[PDB]
$ cat query.csv   # CSV, C-alpha atoms and all ligand atoms
chain,number,residue,atom,x,y,z
U,1,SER,CA,-184.2,-157.5,-188.1
U,2,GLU,CA,-184.3,-153.7,-187.9
U,3,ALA,CA,-185.1,-151.5,-191.0
U,4,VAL,CA,-188.5,-153.2,-191.7
U,5,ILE,CA,-189.4,-152.9,-188.0
U,6,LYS,CA,-189.1,-149.1,-188.2
U,7,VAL,CA,-191.0,-149.1,-191.4
U,8,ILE,CA,-193.9,-150.9,-189.8
U,9,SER,CA,-193.6,-148.6,-186.7
U,10,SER,CA,-194.0,-145.3,-188.7
U,11,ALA,CA,-196.7,-146.8,-190.8
U,12,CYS,CA,-199.0,-147.9,-187.9
U,13,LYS,CA,-198.3,-144.6,-186.1
U,14,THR,CA,-200.0,-142.9,-189.1
U,15,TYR,CA,-203.0,-145.3,-189.4
U,16,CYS,CA,-203.6,-146.4,-185.8
U,17,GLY,CA,-202.2,-143.2,-184.4
U,18,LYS,CA,-201.1,-143.5,-180.7
U,19,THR,CA,-203.0,-146.8,-180.4
U,20,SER,CA,-200.3,-148.5,-182.4
U,21,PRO,CA,-198.2,-151.6,-181.4
U,22,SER,CA,-195.0,-150.9,-179.6
U,23,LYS,CA,-191.6,-151.8,-181.2
U,24,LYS,CA,-191.0,-154.3,-178.4
U,25,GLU,CA,-194.3,-156.0,-179.4
U,26,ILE,CA,-193.6,-155.9,-183.2
U,27,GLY,CA,-190.3,-157.8,-183.0
U,28,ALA,CA,-191.9,-160.5,-180.8
U,29,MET,CA,-194.6,-161.2,-183.4
U,30,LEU,CA,-192.1,-161.1,-186.2
U,31,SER,CA,-189.9,-163.8,-184.7
U,32,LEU,CA,-193.0,-165.9,-183.9
U,33,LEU,CA,-194.2,-165.9,-187.4
U,34,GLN,CA,-190.7,-167.0,-188.6
U,35,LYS,CA,-190.3,-170.0,-186.2
U,36,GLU,CA,-194.0,-171.0,-186.8
U,37,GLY,CA,-193.1,-171.4,-190.4
U,38,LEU,CA,-195.8,-169.0,-191.4
U,39,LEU,CA,-193.3,-166.5,-192.8
U,40,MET,CA,-189.7,-166.6,-193.8
U,41,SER,CA,-188.7,-162.9,-194.2
U,42,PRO,CA,-189.5,-159.6,-192.6
U,43,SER,CA,-190.8,-158.4,-196.0
U,44,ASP,CA,-193.4,-161.2,-196.1
U,45,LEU,CA,-195.9,-158.9,-194.5
U,46,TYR,CA,-196.1,-157.1,-197.9
U,47,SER,CA,-198.0,-160.1,-199.2
U,48,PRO,CA,-201.8,-159.7,-198.7
U,49,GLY,CA,-202.6,-163.2,-199.9
U,50,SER,CA,-200.6,-164.6,-197.0
U,51,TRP,CA,-202.6,-162.8,-194.3
U,52,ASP,CA,-205.5,-165.3,-194.3
U,53,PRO,CA,-203.4,-168.4,-193.3
U,54,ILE,CA,-201.7,-166.3,-190.6
U,55,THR,CA,-204.8,-165.0,-189.0
U,56,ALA,CA,-206.4,-168.4,-189.1
U,57,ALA,CA,-203.3,-170.1,-187.6
U,58,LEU,CA,-202.9,-167.4,-184.9
U,59,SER,CA,-206.7,-167.6,-184.0
U,60,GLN,CA,-206.4,-171.3,-183.7
U,61,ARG,CA,-203.3,-171.1,-181.4
U,62,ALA,CA,-205.1,-168.4,-179.4
U,63,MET,CA,-208.3,-170.3,-178.8
U,64,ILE,CA,-206.4,-173.6,-178.2
U,65,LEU,CA,-203.5,-172.5,-176.0
U,66,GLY,CA,-205.6,-169.8,-174.4
U,67,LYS,CA,-203.6,-166.7,-175.2
U,68,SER,CA,-204.1,-163.9,-177.7
U,69,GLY,CA,-200.8,-162.2,-177.0
U,70,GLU,CA,-199.5,-162.7,-180.5
U,71,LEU,CA,-203.0,-162.3,-182.1
U,72,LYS,CA,-203.4,-158.8,-180.7
U,73,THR,CA,-200.3,-157.5,-182.5
U,74,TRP,CA,-201.4,-159.2,-185.7
U,75,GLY,CA,-204.8,-157.6,-185.5
U,76,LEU,CA,-203.2,-154.2,-185.2
U,77,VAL,CA,-200.9,-154.8,-188.2
U,78,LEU,CA,-203.7,-156.4,-190.3
U,79,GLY,CA,-206.0,-153.4,-189.7
U,80,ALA,CA,-203.5,-150.8,-190.6
U,81,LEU,CA,-202.0,-152.7,-193.6
U,82,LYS,CA,-205.5,-153.6,-194.9
U,83,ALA,CA,-206.4,-149.9,-194.8
U,84,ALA,CA,-203.1,-149.0,-196.5
U,85,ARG,CA,-203.6,-151.5,-199.3
U,86,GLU,CA,-207.2,-150.3,-199.6
U,87,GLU,CA,-205.9,-147.1,-201.1
G,1,LIG,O1,-191.5,-142.0,-182.8
G,1,LIG,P1,-192.9,-142.6,-182.3
G,1,LIG,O2,-194.1,-141.9,-183.3
G,1,LIG,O3,-193.1,-142.1,-180.6
G,1,LIG,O4,-192.8,-144.3,-182.5
G,1,LIG,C1,-191.7,-144.9,-181.7
G,1,LIG,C2,-190.5,-145.2,-182.7
G,1,LIG,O5,-190.9,-146.1,-183.7
G,1,LIG,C3,-189.4,-145.8,-181.9
G,1,LIG,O6,-188.3,-146.2,-182.7
G,1,LIG,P2,-187.0,-145.0,-182.6
G,1,LIG,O7,-186.4,-145.0,-180.9
G,1,LIG,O8,-185.8,-145.4,-183.7
G,1,LIG,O9,-187.6,-143.6,-182.9
G,1,LIG,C4,-189.9,-147.1,-181.1
G,1,LIG,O10,-188.8,-147.7,-180.4
G,1,LIG,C5,-191.1,-146.8,-180.2
G,1,LIG,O11,-191.6,-148.0,-179.6
G,1,LIG,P3,-191.4,-148.0,-177.9
G,1,LIG,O12,-192.3,-146.9,-177.3
G,1,LIG,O13,-191.9,-149.5,-177.2
G,1,LIG,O14,-189.7,-147.6,-177.4
G,1,LIG,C6,-192.2,-146.1,-181.0
G,1,LIG,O15,-193.3,-145.8,-180.2
$ encode --input "query.csv" --output "structure tokens"
Amino acid sequence: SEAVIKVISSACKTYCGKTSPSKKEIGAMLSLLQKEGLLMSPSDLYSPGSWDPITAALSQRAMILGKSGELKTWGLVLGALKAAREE
């Protein structure tokens, strides 16, 4: 939607620095996860136990369809969030 997007933005800008996903990339991945049935809300990313199925599903789609466009964004989020939850 909006609020959660900016939250993710400022978050990754602190963990990944300048090498963070652009807002235009964040929204794209967000909408994909919803239509894929992987997620249902923008706050779903706050669930660590739901990361595994997503990474698996995206990896499958990437290696089968031949495109890691959505996987790249996920990897960036996963890395930053994993580090955040590590503290
Ligand atoms: O303020 P930053 O540390 O430079 O991060 C920005 C902000 O999060 C911005 O939201 P806002 O315009 O509300 O500050 C967003 O739109 C940008 O993504 P993009 O470059 O594709 O336009 C992003 O880099």
$ residues_near_ligand --input "query.csv" --ligand "ligand LIG 1 (chain G)" --cutoff "7 Å" --atoms "all atoms listed in the file" --output "ChimeraX atom specification"
/U:6,9-10,13,22-24
$ write_last_selection --input "query.csv" --atoms "C-alpha atoms" --output "compact mmCIF listing (two decimals), in the frame of the given file"
# COMPACT_ATOMS: atom_id res chain seq x y z
CA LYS U 6 -189.10 -149.10 -188.20
CA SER U 9 -193.60 -148.60 -186.70
CA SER U 10 -194.00 -145.30 -188.70
CA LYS U 13 -198.30 -144.60 -186.10
CA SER U 22 -195.00 -150.90 -179.60
CA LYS U 23 -191.60 -151.80 -181.20
CA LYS U 24 -191.00 -154.30 -178.40
$ closest_residue --input "query.csv" --among "U:62, U:81, U:33, U:16" --to "residue 47 in chain U" --atoms "only C-alpha atoms"
U:81
$ atom_distance --input "query.csv" --atom1 "CA of residue 4 in chain U" --atom2 "CA of residue 43 in chain U"
7.1 Å
$ residues_around --input "query.csv" --residues "residue 77 in chain U" --least-positions-apart "6" --cutoff "9 Å" --atoms "only C-alpha atoms" --output "list in words"
residues 8, 12, 20, 21 and 26 of chain U
$ atom_distance --input "query.csv" --atom1 "CA of residue 35 in chain U" --atom2 "CA of residue 85 in chain U"
26.3 Å
$ closest_residue --input "query.csv" --among "U:67, U:73, U:11, U:41" --to "residue 55 in chain U" --atoms "all atoms listed in the file"
U:73
$ atom_distance --input "query.csv" --atom1 "CA of residue 69 in chain U" --atom2 "CA of residue 86 in chain U"
26.3 Å
$ closest_residue --input "query.csv" --among "U:82, U:42, U:53, U:76" --to "residue 17 in chain U" --atoms "all atoms listed in the file"
U:76
$ closest_residue --input "query.csv" --among "U:15, U:1, U:7, U:79" --to "residue 48 in chain U" --atoms "all atoms listed in the file"
U:79
$ closest_residue --input "query.csv" --among "U:84, U:56, U:63, U:5" --to "residue 31 in chain U" --atoms "only C-alpha atoms"
U:5
$ closest_residue --input "query.csv" --among "U:36, U:45, U:19, U:2" --to "residue 74 in chain U" --atoms "all atoms listed in the file"
U:45
$ build_atoms --input "query.csv" --residues "range 49-65 of chain U" --atoms "N, CA and C atoms" --output "CSV table (one decimal), keeping the file's coordinate frame"
chain,number,residue,atom,x,y,z
U,49,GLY,N,-202.1,-161.8,-199.8
U,49,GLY,CA,-202.6,-163.2,-199.9
U,49,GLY,C,-202.1,-164.2,-198.9
U,50,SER,N,-201.2,-163.7,-198.1
U,50,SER,CA,-200.6,-164.6,-197.0
U,50,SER,C,-201.1,-164.2,-195.7
U,51,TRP,N,-202.0,-163.2,-195.6
U,51,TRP,CA,-202.6,-162.8,-194.3
U,51,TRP,C,-203.6,-163.8,-193.8
U,52,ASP,N,-204.4,-164.3,-194.7
U,52,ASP,CA,-205.5,-165.3,-194.3
U,52,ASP,C,-205.0,-166.5,-193.5
U,53,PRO,N,-204.0,-167.2,-194.0
U,53,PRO,CA,-203.4,-168.4,-193.3
U,53,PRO,C,-202.8,-168.0,-191.9
U,54,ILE,N,-202.2,-166.8,-191.8
U,54,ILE,CA,-201.7,-166.3,-190.6
U,54,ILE,C,-202.7,-166.1,-189.5
U,55,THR,N,-203.7,-165.3,-189.9
U,55,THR,CA,-204.8,-165.0,-189.0
U,55,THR,C,-205.5,-166.2,-188.5
U,56,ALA,N,-205.7,-167.2,-189.4
U,56,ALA,CA,-206.4,-168.4,-189.1
U,56,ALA,C,-205.5,-169.2,-188.1
U,57,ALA,N,-204.2,-169.3,-188.4
U,57,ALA,CA,-203.3,-170.1,-187.6
U,57,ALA,C,-203.1,-169.4,-186.2
U,58,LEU,N,-203.1,-168.1,-186.1
U,58,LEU,CA,-202.9,-167.4,-184.9
U,58,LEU,C,-204.2,-167.5,-184.0
U,59,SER,N,-205.4,-167.4,-184.7
U,59,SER,CA,-206.7,-167.6,-184.0
U,59,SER,C,-206.8,-169.0,-183.4
U,60,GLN,N,-206.3,-170.0,-184.1
U,60,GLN,CA,-206.4,-171.3,-183.7
U,60,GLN,C,-205.5,-171.5,-182.4
U,61,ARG,N,-204.3,-171.0,-182.5
U,61,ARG,CA,-203.3,-171.1,-181.4
U,61,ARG,C,-203.9,-170.3,-180.2
U,62,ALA,N,-204.5,-169.2,-180.4
U,62,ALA,CA,-205.1,-168.4,-179.4
U,62,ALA,C,-206.2,-169.1,-178.6
U,63,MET,N,-207.1,-169.6,-179.4
U,63,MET,CA,-208.3,-170.3,-178.8
U,63,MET,C,-207.9,-171.7,-178.2
U,64,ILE,N,-206.9,-172.3,-178.7
U,64,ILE,CA,-206.4,-173.6,-178.2
U,64,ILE,C,-205.5,-173.5,-177.0
U,65,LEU,N,-204.5,-172.7,-177.1
U,65,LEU,CA,-203.5,-172.5,-176.0
U,65,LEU,C,-204.1,-171.6,-175.0
